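Novice: With the numbering used here as the guide, the letters of the sequence shown map in order to residues 337 to 585.
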Amino acid sequence: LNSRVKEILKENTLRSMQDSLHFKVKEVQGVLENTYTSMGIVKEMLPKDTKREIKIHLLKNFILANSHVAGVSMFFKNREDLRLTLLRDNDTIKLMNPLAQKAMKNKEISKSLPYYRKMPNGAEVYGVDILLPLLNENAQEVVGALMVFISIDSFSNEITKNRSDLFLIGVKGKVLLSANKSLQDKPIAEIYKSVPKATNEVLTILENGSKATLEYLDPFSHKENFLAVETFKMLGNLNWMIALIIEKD
Ligand SMILES: [Cl-]
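1) Going by the DSSP bridge assignment, what does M410 pair with across the sheet?
2) In this structure, how does DSSP classify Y462 when only helix, strand and coil are distinguished?
3) Which residue wins for smallest C-alpha separation from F562, given the options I541, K346, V341?
4) What are the start and end residues of the beta strand (DSSP E) that includes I581?
5) So for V511, helix, strand or coil by DSSP?
6) So what does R453 bridge to, in DSSP terms?
7) Please classify residue 294: does DSSP put it in a helix, a strand, or coil?
8) When we look at the beta-carbon of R340 and count the other beta-carbons within 10 Å, is it buried (16 or more) or exposed?
9) Going by DSSP, what residue range makes up the beta strand (DSSP E) through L502?
10) Using 8 Å as the threshold, is the region 449-463 in touch with the region 404-416, meaning 3 or more CB pairs across them?
11) Measure the C-alpha to C-alpha separation of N348 and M483 and round it to an integer number of angstroms.
12) Pull every residue with its beta-carbon under 7 Å away from any heavy atom of ligand 1, and keep them in chain order.
13) Taking the C-alpha atoms as reference points, what is the distance between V378 and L394?
14) Quick one: grab the DSSP three-state call for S487.
15) For residue 592, which three-state DSSP category applies?
16) Rounded to whole angstroms, what is the Cα-Cα separation between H358 and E416?
17) Using DSSP with H/G/I as helix, E/B as strand and the rest coil, what is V538?
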């Protein structure tokens with residue numbers, strides 16, 4: 337049978353891979369729908385006819401209350417006095433946007449591309465911004481806006497601490513985080529040039545927002561791998577995805 341069973345063994349493995357991965361994905365999700373809420377609080381309170389001294393603490397608290405959050409920032413249309421921008425030194429520091437606007441012009445909220453933000457010590461952090469229009473007591477008029485800078489790098493906790501077999505992949509297939517940092521901000525279609533059968537199945541699932549398994553010769557290991565991949569809407573509409581690889585052995 338050694339092939340009848342090599343094939344049942346395969347099934348056994350991919351099943352538990354997807355089980356594990358599905359847990360890995362649940363993890364990373366609730367770490368952000370917690371924030372989007374622990375956030376959200378913030379949206380309603382801030383635009384209160386309260387004071388700059390008040391709101392700072394409000395924001396300075398919400399950063400502290402969300403590890404993977406690395407900064408925030410505030411605007412108010414003609415009340416220009418109310419600009420400010422708080423970031424990560426190891427406490428917060430105060431330092432010194434057609435999307436922010438755009439989502440005011442909506443009252444729907446939006447995200448950005450991943451990008452690298454230089455930080456008060458000098459260090460550059462990969463992250464996305466999450467915009468959040470600020471609106472009036474009646475909520476038919478647009479006040480200012482908020483901006484929460486989510487460190488993608490902060491998720492090495494979930495992604496790369498003591499394992500190195502997971503990948504976080506965001507839009508059109510750009511590796512967002514991975515044990516090897518050479519890959520951050522490069523798209524899978526070029527990292528894995530060698531296996532378009534594979535990257536086209538991954539880019540497809542990403543688009544459709546689903547899960548699958550498959551195999552590919554890895555170009556770093558030079559050996560065949562099993563791959564399980566699974567998606568989730570990063571705000572709680574477009575997908576991020578996590579990948580879990582296992583060398584056949
Ligand atoms: Cl993304």
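The C-beta atom is built at its ideal place from N, Cα and C for all residues, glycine as well.
Specialist: Looking at the coordinates:
1) DSSP output for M410 lists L420, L482 as bridge partner(s).
2) Correct three-state label for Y462: strand.
3) Taking only the C-alpha atoms, the option nearest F562 is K346.
4) Judged by DSSP secondary structure, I581 falls within the beta strand (DSSP E) whose first and last residues are 575-583.
5) DSSP places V511 in the strand class (E or B) of the three-state scheme.
6) In the DSSP output, where bridge partners are listed per residue, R453 has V461.
7) Lying before the first or after the last residue shown, residue 294 is absent from the chain, which here runs from 337 to 585.
8) Answer is exposed; the Cβ neighbour count stays below 16.
9) Start and end: 502-505.
10) A contact exists between the region 449-463 and the region 404-416.
11) Across the structure, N348 and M483 are spaced so that their CA atoms are roughly 44 Å apart.
12) The set, ordered by position in the chain, is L449, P450, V464, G506, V507, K510, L512, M570, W576.
13) For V378 and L394, the distance between alpha carbons rounds to 7 Å.
14) In the structure shown, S487 sits in a strand (DSSP, three-state: E or B).
15) With the chain represented from 337 up to 585, any question about residue 592 goes unanswered, as that position is not in the structure.
16) If you take the alpha carbons of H358 and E416, they lie about 45 Å apart.
17) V538 sits in a helix when the DSSP states are folded into three classes.
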